[PDB]
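Here's the structure we're looking at; comments come further down.
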Amino acid sequence: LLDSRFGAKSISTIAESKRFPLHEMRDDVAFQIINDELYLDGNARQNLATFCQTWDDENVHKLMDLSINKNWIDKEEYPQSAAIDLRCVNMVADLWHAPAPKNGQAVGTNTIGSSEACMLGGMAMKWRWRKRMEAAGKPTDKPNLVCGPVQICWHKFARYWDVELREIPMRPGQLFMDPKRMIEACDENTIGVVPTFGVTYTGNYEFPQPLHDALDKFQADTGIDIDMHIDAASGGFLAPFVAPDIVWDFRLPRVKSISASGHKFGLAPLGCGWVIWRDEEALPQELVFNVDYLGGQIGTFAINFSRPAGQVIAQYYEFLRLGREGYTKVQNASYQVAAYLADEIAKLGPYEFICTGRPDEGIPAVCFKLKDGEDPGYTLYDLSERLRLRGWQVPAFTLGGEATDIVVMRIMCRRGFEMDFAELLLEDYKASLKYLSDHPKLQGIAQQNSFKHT
Amino acid sequence: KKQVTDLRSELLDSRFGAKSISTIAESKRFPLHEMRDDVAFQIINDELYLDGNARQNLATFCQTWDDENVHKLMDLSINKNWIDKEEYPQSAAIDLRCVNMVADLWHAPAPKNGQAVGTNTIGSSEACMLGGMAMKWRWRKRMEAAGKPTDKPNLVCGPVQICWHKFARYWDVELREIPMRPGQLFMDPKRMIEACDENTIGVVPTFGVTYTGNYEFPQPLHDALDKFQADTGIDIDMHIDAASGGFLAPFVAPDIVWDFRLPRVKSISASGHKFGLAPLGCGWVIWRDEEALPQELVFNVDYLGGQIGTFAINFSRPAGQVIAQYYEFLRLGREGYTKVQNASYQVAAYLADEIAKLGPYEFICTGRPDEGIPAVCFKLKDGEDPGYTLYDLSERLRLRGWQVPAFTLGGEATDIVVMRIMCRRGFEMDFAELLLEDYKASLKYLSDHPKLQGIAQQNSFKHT
Amino acid sequence: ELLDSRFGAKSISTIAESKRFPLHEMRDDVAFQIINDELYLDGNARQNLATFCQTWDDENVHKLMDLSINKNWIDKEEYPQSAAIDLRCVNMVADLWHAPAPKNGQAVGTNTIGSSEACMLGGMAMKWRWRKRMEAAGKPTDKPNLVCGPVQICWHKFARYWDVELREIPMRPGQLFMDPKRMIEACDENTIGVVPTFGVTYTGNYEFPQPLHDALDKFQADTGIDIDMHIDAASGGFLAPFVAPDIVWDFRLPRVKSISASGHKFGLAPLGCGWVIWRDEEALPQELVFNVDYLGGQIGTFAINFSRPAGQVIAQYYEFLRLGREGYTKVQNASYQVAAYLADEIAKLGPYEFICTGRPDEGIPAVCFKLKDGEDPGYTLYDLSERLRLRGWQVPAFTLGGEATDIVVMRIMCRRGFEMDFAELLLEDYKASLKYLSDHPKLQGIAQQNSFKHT
Amino acid sequence: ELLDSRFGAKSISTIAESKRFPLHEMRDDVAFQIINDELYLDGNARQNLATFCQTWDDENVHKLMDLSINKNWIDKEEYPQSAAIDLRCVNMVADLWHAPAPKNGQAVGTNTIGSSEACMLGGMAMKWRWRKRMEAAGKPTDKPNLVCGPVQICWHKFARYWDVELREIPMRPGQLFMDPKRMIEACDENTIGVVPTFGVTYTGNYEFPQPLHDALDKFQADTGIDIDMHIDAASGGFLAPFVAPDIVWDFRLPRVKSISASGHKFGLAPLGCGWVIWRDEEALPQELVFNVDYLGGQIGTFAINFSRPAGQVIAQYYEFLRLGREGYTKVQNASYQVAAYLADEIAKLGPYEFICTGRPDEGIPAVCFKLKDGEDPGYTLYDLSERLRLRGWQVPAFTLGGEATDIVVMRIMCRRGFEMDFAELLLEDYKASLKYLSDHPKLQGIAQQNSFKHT
């Protein structure tokens with residue numbers, strides 16, 4: 001009947017949350033109602049499962065706010081947002097060593113995230129592969145795609161575009177797509193190989209170079225010429241700053257496209273991805289749609305259409321304020337935190353490390369499991385529950401394929417999670433151990449994977 | 001000085017009392033150095049002044065008005081992840097409410113389990129693809145069950161938005177677009193049926209044609225699909241592209257039978273960020289029920305609370321638009337939207353009557369609620385020459401601040417030059433008065449300067 | 001060599017040093033962001049159903065508090081309007097509690113930082129009235145006692161700090177409060193006063209002053225000993241006058257010489273606001289009032305604190321002006337509707353005995369319950385409380401004192417902000433928590449730490 | 001009935017009864033949004049290259065302006081600190097312009113709303129000094145003239161409003177400004193003063209007071225007629241002293257008895273700020289100063305305005321403080337670099353003859369050019385000005401005056417905020433414009449409306 005906030009007749013959001021509302025309500029009442037329910041969302045600061053930016057910068061807030069109505073697709077009405085977007089394509093291209101374009105503009109596009117960028121990469125792969133077969137007179141009805149432990153976007157790609165996903169299974173000692181097994185899976189129907197440069201599940205890089213040598217030898221051995229698209233969702237904004245010596249990008253001739261998330265280590269806010277092609281030949285013109293506007297026409301290869309230009313603008317702000325110099329410092333701060341956690345956690349239990357936050361191996365992450373046949377009086381699921389009681393989300397989950405038996409804990413170190421917070425995590429980690437040791441009945445109870453995808 | 005011109009990272013800047021960087025000198029490479037955060041902010045902030053504010057842009061369909069409450073909701077929601085149900089369960093709850101509300105708005109059958117089948121999207125584009133994929137899979141599953149080949153799917157439609165051209169190309173479906181032609185601009189029952197066959201995955205009426213403003217009416221088409229099924233056994237479904245009309249007809253013309261009232265309408269899509277009133281980045285698609293949505297398309301993710309299924313092309317993205325959409329549903333309801341959309345219609349209808357007095361025009365859309373969306377669309381009467389083309393008028397208007405797009409139609413009507421005026425929230429009766437004044441002044445200018453006729457020759461952006 | 005990813009710069013750690021005064025300056029905006037970022041480790045309280053303290057947010061209150069950051073409550077001279085506003089508040093609370101009309105037009109009483117200070121002042125005033133009364137009768141004054149029920153911690157502190165024997169009537173099953181019989185058994189010539197709790201912290205039930213009052217009248221008739229009351233209305237003092245005005249508990253009772261309440265509980269003020277009113281000048285021994293000099297003459301204060309900001313007063317004013325009786329009535333009843341609804345709904349979900357069910361004629365908007373004796377549903381209320389934390393709620397489980405030492409209660413406080421839709425959400429998480437304990441029996445009996453119960 | 005899509009309510013037109021004082025109240029917040037929505041139709045001026053006035057945005061300035069919306073410039077008594085700040089600005093502007101050190105510590109001068117008011121004050125003071133002396137000689141004083149070049153409109157207003165005959169030396173081919181020869185032709189015993197324009201509005205070029213000063217010396221030598229100067233330094237006044245300290249144009253010349261300049265042009269103040277400085281008490285007739293009583297004594301003002309806000313002065317002081325000569329020199333150099341660059345690039349694009357090219361020793365940060373005589377590249381600068389409008393730029397084309405009624409010029413003003421990158425964008429758009437004019441020859445000769453040239 002009454003609401004204590006408004007000292008008035010009560011408006012429930014839960015009653016008839018099932019139909020379109022009939023009546024108007026005071027604007028500021030609707031606002032305070034929604035505002036209040038939003039407090040029940042987490043703030044992610046103690047969420048150690050996600051890669052997506054959760055820190056807050058006033059300049060980014062002001063820039064998102066100015067841009068709320070700036071339509072990324074409408075080049076004609078917001079020509080300056082359009083110009084900023086083209087800068088960022090060129091800069092990401094450059095970051096990844098794309099060849100100098102003949103026309104002065106890199107081939108590539110901002111996206112909403114890595115998912116769309118993957119679809120575009122995938123569709124391009126499929127189309128280059130179909131042209132090759134059609135020219136060579138071969139059937140094109142059985143495409144396949146060869147990969148390791150990919151993010152879920154490759155599952156959707158395969159499904160939505162009717163391509164056979166040839167996923168190399170995780171297995172003990174080999175948690176990733178190695179050159180030998182990659183090669184066993186390739187044949188004239190392979191549209192491409194997708195190395196994951198920063199595997200979501202573990203944190204490690206699949207290194208494109210040895211896979212690239214193996215594809216070169218494959219072409220020599222069989223005449224079959226297979227290309228790569230690097231899914232660098234996390235890695236593409238790490239390695240180029242802290243390890244330029246890792247050759248994973250367009251310096252490799254088979255690498256025809258690359259995609260990354262701006263809203264992970266690109267430090268952009270949620271809703272920003274990037275995909276770059278090596279050159280015009282890498283992007284079939286059949287996929288590009290040309291629309292007229294007053295200043296000529298512009299080509300777009302996008303799944304999305306209208307949407308706000310703010311994230312692109314924020315991405316640019318990050319590029320401008322940091323440069324290589326700043327990015328290197330920012331990403332090193334995160335690697336330092338991971339290395340530290342890895343180092344410290346190692347002393348607390350009988351653990352085996354899959355990833356220890358090393359810049360030459362992968363991304364700022366710690367991934368570990370219990371040592372085989374070692375029982376410290378808890379599972380990592382249990383430990384994950386204790387940590388949620390201290391406000392932390394530290395996902396515990398299983399690996400796939402032939403490692404379906406392995407439970408790992410993954411910690412992600414993203415911007416905002418500084419050394420002080422890592423210290424606090426550790427105190428909570430220790431207090432959890434002691435608790436588990438004081439209450440042995442807790443062992444084995446917990447059994448539900450935390451969300452592992454982003 | 002002896003510092004030669006090309007060895008400097010040059011230039012004082014009058015704003016910083018300092019040397020600076022030229023965003024344009026080195027926009028081809030990743031920047032080398034850090035720069036004070038607030039300087040980079042000011043740099044970008046100043047360049048953003050070169051954008052329009054769209055208040056005077058009469059071409060777009062997208063929300064360009066500003067409401068403080070929306071600004072605040074968006075700004076709280078910058079990091080809220082629409083895909084992460086675990087961390088943001090309240091944003092997830094609000095999203096599910098919106099899906100039930102839009103479902104209900106479209107007469108979706110009551111769900112056995114209380115939750116409508118549908119999803120927020122980034123826009124009509126994603127929503128279309130999901131609708132299109134689902135159509136393809138339903139059709140495929142049916143032909144497989146029947147032992148028939150599935151390698152030549154086609155889609156039958158009228159003058160569709162570009163997202164259907166993208167869907168047809170991206171998913172290898174032949175687009176059977178009924179051509180606009182003089183005197184029949186739209187997919188009619190007859191030409192629709194000529195185009196239909198066992199390989200048709202669906203028909204897509206466009207309930208609010210992008211190019212003109214008009215509704216294609218699903219009812220008569222629905223009638224022709226019923227008879228087509230009786231004559232041939234072939235059972236074809238519909239997905240209605242209601243990008244704009246989806247949030248207009250339910251309030252100002254609830255009697256147009258276009259939605260899930262029609263048994264063949266298996267899914268409907270619409271754009272929140274057009275007449276939905278939401279800010280940029282929001283779309284909706286709804287399915288009649290679980291049968292309408294092949295489970296194979298839905299991905300189940302593990303989370304701590306069990307698992308939830310999503311059908312999306314995107315993945316992580318912010319939840320602010322959904323929240324803001326919710327805010328519009330709550331503060332307006334059916335009563336409020338009815339008033340809001342009526343205001344734009346009055347504005348469109350007003351401009352149609354007044355523009356008709358000013359030249360020899362033939363109208364394709366006059367902002368009548370029973371006919372289409374709040375838009376005015378016209379051409380010159382055939383064989384009449386008033387001393388200018390609509391392209392010329394569109395240029396003069398631009399000199400006075402307005403974007404009023406002139407472009408050609410498609411198909412057999414590619415000779416036809418139209419002007420379209422979109423009336424959306426914020427474009428009020430007083431601003432339309434101002435437009436008219438400007439339009440009269442442009443006509444006089446053109447009448448005083450006849451060497452202008454025929455010079456402007458470029459289409460304005462038409463798609464949104 | 002350590003970097004910070006926020007600042008793109010050498011790391012500054014609040015934990016390094018943290019035990020020595022820092023040596024070096026650091027940039028203001030960096031120190032600010034450092035601290036701000038750490039504040040995200042605090043809760044929001046929106047989901048913390050243990051506390052009584054205001055946790056909602058109103059832009060106007062934020063504005064007034066911010067205006068007031070430097071307004072010194074004690075400094076009447078520099079901030080005369082803050083002073084005038086405080087004085088209006090004292091009059092309005094006195095009137096709320098049916099204080100007798102004052103001869104000089106100003107009610108007797110004061111703002112405080114909380115109930116705690118207001119209890120100290122009321123306590124001291126009790127002790128001094130009894131002392132003076134006994135001195136004037138030539139009698140020893142070194143053994144003063146105080147009679148009370150299951151009192152808030154401030155009374156324990158008062159007793160210890162001021163050397164008064166606390167005669168606390170213990171809780172016992174059946175009777176979790178101070179009843180007249182046990183009250184009188186404890187009373188004597190050295191009893192400085194009785195302190196009923198009009199809203200017992202641990203349960204949410206009102207101790208009713210009236211029957212106790214009648215027992216003190218009879219006690220006087222029988223023995224000549226004339227004992228007064230101070231009502232601790234921490235919570236009930238801003239509830240009953242709006243939703244149950246016929247409960248006679250306040251200055252309508254002759255023996256009630258002073259009353260206290262928390263403005264930052266149900267008075268709707270922000271943290272840092274309590275009130276104490278005395279019946280009239282006689283109820284407040286002048287010896288306790290300090291008169292300072294200022295330019296317009298002198299003002300007397302009775303305070304433990306001295307300089308402090310005037311914003312909470314000013315905010316409390318805003319609440320009084322914007323709502324009035326009519327507004328308070330709607331605001332408090334809405335919380336009662338929440339509490340009554342939860343009592344009903346929770347009752348359906350397991351074998352519970354209720355102590356408090358949000359009825360306005362019985363207590364404050366709280367739900368307080370225990371498991372039915374014997375009936376073992378497969379968890380303790382500790383366990384249930386732990387499950388509820390994993391879904392973000394703090395719903396405290398704790399033991400009663402005294403002779404009710406076996407009893408484990410759960411207490412849910414319904415405060416402004418915690419509306420019907422949030423109650424529904426708690427109910428859903430409650431059910432889901434029960435489902436989990438059923439599916440995971442091993443969990444039973446594990447948790448055993450009482451949650452914070454005091455405020 | 002008519003609805004508004006913003007408010008979901010009956011429509012309220014600002015246009016309907018816009019000729020009658022409105023009858024009824026409406027909600028405040030609706031009136032605000034209605035007005036705020038109309039204001040979107042104003043330009044923002046960032047792409048307007050015709051104006052000299054500040055169009056950039058500095059948060060600190062906005063904050064000071066907003067703090068000062070009610071500070072009354074004239075009310076020294078209630079706003080004594082705004083007054084003190086004002087007086088500092090007067091001394092600082094006097095010092096910048098080499099005013100002789102004040103015998104009393106305070107320079108003779110005042111803030112004004114703009115150059116306009118400042119010119120009247122200067123104009124009036126010339127008038128009175130001239131009048132006093134001619135009245136001493138028992139000579140008629142009813143026909144004063146004022147000798148000048150291509151002055152800003154304020155001199156035309158002064159002339160008209162004070163019945164002074166305006167002897168404006170016309171612009172003519174090859175001599176667009178007041179030279180010594182023609183100046184002297186126009187001088188006689190009725191000349192109240194000569195006004196060099198130190199930054200001509202129409203072109204950007206400086207009129208140099210030193211060679212004019214020499215001629216006036218010779219004139220007094222030859223004829224016994226002693227003529228003074230007032231420098232209209234609207235724009236030059238905050239440019240030259242920082243980037244061309246060697247140009248002698250100010251109080252270093254004995255005949256210069258006052259100077260005016262706009263704070264809200266290159267002084268960097270927001271709109272509503274001007275300055276006029278007199279050499280010393282003798283240059284300012286006392287009869288023109290009004291003495292107004294108040295608590296701390298009385299102050300004299302020479303003003304046309306009276307009550308008005310102090311914010312622009314406050315903002316002016318802010319710029320003086322944060323910049324100094326060091327900061328100003330950088331700011332203005334920056335604008336010059338942009339003007340000079342545009343002059344250089346623009347000369348590459350067509351058959352142009354430049355009047356001004358952004359050289360700090362010649363004039364202000366401006367580019368001014370015309371088509372080479374008898375050359376036809378296929379458009380007029382009016383045509384070019386139209387194409388550039390379609391790209392969002394206001395780049396005014398207009399005819400010169402007097403004997404160059406024939407010459408059409410394009411003038412580009414480079415003020416703070418129009419940085420090198422925006423100059424690059426204009427050039428890109430300039431070339432896009434030349435290309436289009438080329439591809440559509442029928443455009444040639446269509447456009448013929450002068451753009452606003454005055455500020």
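Chain labels follow the order of the structure tokens: the first chain is A, the next B, and so on; residue numbering restarts at 1 in every chain, and ligands are counted from 1 in their shown order.
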Item to complete: Just the residues within 12 Å of residue 255 of chain B, please, counting only C-alpha atoms, with nothing from its chain fewer than 4 positions along; format it as a PyMOL selection string.
Response: chain B and resi 106-107+217+219+248-251+259+261+369-371
Item to complete: Starting from chain B, keep only residues with some atom at most 6 Å from an atom of chain A, counting only C-alpha atoms, and report them as a PyMOL selection string.
Response: chain B and resi 27-35+37+40+50-52+64+79+87-90+97+100-101+104+125-126+280-281+302-304+314-315+317-318+331-336+458+460-461
Please dump the current selection as a compact mmCIF listing (two decimals), in the first residue's frame; keep C-alpha atoms.
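For reference, part_23.txt as written:
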# COMPACT_ATOMS: atom_id res chain seq x y z
CA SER B 27 47.10 10.04 -36.28
CA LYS B 28 48.63 7.33 -38.38
CA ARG B 29 50.63 5.74 -35.60
CA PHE B 30 50.01 4.67 -32.02
CA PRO B 31 51.04 7.66 -29.86
CA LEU B 32 54.48 7.43 -28.28
CA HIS B 33 54.15 9.42 -25.07
CA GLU B 34 51.85 10.09 -22.15
CA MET B 35 50.20 13.49 -21.90
CA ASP B 37 44.92 13.30 -18.65
CA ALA B 40 43.83 14.84 -23.55
CA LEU B 50 32.67 19.81 -34.73
CA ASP B 51 29.91 17.21 -34.42
CA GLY B 52 26.36 18.38 -35.01
CA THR B 64 18.47 12.99 -30.09
CA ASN B 79 30.49 -0.54 -16.34
CA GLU B 87 27.60 -9.71 -11.09
CA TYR B 88 24.75 -7.51 -12.27
CA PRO B 89 21.59 -9.48 -11.36
CA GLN B 90 19.49 -6.34 -10.99
CA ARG B 97 11.01 -7.11 -17.35
CA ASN B 100 7.89 -9.23 -20.97
CA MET B 101 6.66 -5.68 -21.48
CA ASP B 104 2.85 -7.92 -24.03
CA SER B 125 20.33 -4.80 -36.95
CA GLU B 126 21.26 -7.47 -34.38
CA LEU B 280 21.38 4.87 -28.90
CA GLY B 281 22.28 1.21 -28.53
CA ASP B 302 27.38 -21.77 -16.66
CA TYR B 303 27.03 -19.20 -13.85
CA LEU B 304 26.80 -19.57 -10.00
CA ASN B 314 27.34 -9.52 -29.32
CA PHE B 315 28.53 -10.55 -25.90
CA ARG B 317 28.30 -4.59 -23.52
CA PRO B 318 26.84 -2.02 -21.18
CA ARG B 331 7.51 6.87 -16.45
CA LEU B 332 5.31 6.83 -19.55
CA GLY B 333 3.25 3.59 -19.67
CA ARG B 334 0.70 3.25 -22.46
CA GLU B 335 -1.03 6.51 -21.50
CA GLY B 336 2.29 8.50 -21.71
CA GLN B 458 24.33 13.94 -54.10
CA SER B 460 21.70 12.33 -48.32
CA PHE B 461 22.29 9.45 -45.86
Could you give me, as a short mmCIF file (atom, residue, chain, number, x, y, z; two decimals) with C-alpha atoms, in the first residue's frame, the residues within 8 Å of segment 214-225 of chain A, counting only C-alpha atoms and dropping anything in the same chain fewer than 6 positions from it?
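Result file is selection.cif:
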data_model
loop_
_atom_site.label_atom_id
_atom_site.label_comp_id
_atom_site.auth_asym_id
_atom_site.auth_seq_id
_atom_site.Cartn_x
_atom_site.Cartn_y
_atom_site.Cartn_z
CA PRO A 179 51.37 -27.34 -33.96
CA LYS A 180 51.21 -31.18 -34.28
CA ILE A 183 48.11 -29.96 -38.32
CA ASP A 187 42.71 -30.32 -44.69
CA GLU A 188 41.44 -28.53 -47.86
#
Discussion item. What parts of segment 19-257 of chain A does DSSP call strand (DSSP E or B)? I'd like the answer as a ChimeraX atom specification.
Written reply: /A:47,71,107-111,144-147,164-167,171,174,190-194,196-197,204-205,228-231,255-257
Excluding same-chain residues fewer than 6 positions from residue 401 of chain A, what lies within 12 Å of it counting only C-alpha atoms, as a CSV table (one decimal) with N, CA and C atoms, in the first residue's frame?
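Printed below is around_27.csv as written:
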chain,number,residue,atom,x,y,z
A,148,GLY,N,42.2,-23.9,-30.8
A,148,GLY,CA,42.3,-24.5,-29.5
A,148,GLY,C,41.2,-24.1,-28.6
A,149,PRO,N,41.4,-23.9,-27.3
A,149,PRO,CA,40.4,-23.6,-26.3
A,149,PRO,C,39.8,-22.2,-26.4
A,167,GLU,N,37.9,-28.1,-32.7
A,167,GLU,CA,38.6,-27.7,-31.5
A,167,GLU,C,39.6,-28.7,-31.0
A,168,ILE,N,40.9,-28.4,-30.9
A,168,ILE,CA,41.9,-29.2,-30.3
A,168,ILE,C,41.6,-29.3,-28.8
A,169,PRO,N,41.4,-30.5,-28.3
A,169,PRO,CA,41.0,-30.6,-26.9
A,169,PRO,C,42.1,-30.3,-25.9
A,170,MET,N,41.7,-29.7,-24.8
A,170,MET,CA,42.6,-29.6,-23.6
A,170,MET,C,43.0,-31.0,-23.1
A,171,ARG,N,44.3,-31.2,-22.8
A,171,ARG,CA,44.7,-32.4,-22.1
A,171,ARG,C,45.8,-32.2,-21.2
A,172,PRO,N,45.9,-33.1,-20.2
A,172,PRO,CA,47.0,-32.9,-19.2
A,172,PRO,C,48.4,-32.7,-19.8
A,174,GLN,N,49.2,-30.6,-21.9
A,174,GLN,CA,49.0,-29.9,-23.1
A,174,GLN,C,47.6,-29.2,-23.2
A,175,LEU,N,47.6,-28.0,-22.6
A,175,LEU,CA,46.3,-27.3,-22.4
A,175,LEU,C,45.8,-26.5,-23.6
A,176,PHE,N,46.4,-26.7,-24.7
A,176,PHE,CA,46.3,-25.7,-25.8
A,176,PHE,C,46.6,-26.3,-27.2
A,177,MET,N,46.4,-25.5,-28.2
A,177,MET,CA,46.5,-26.0,-29.5
A,177,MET,C,48.0,-25.9,-29.9
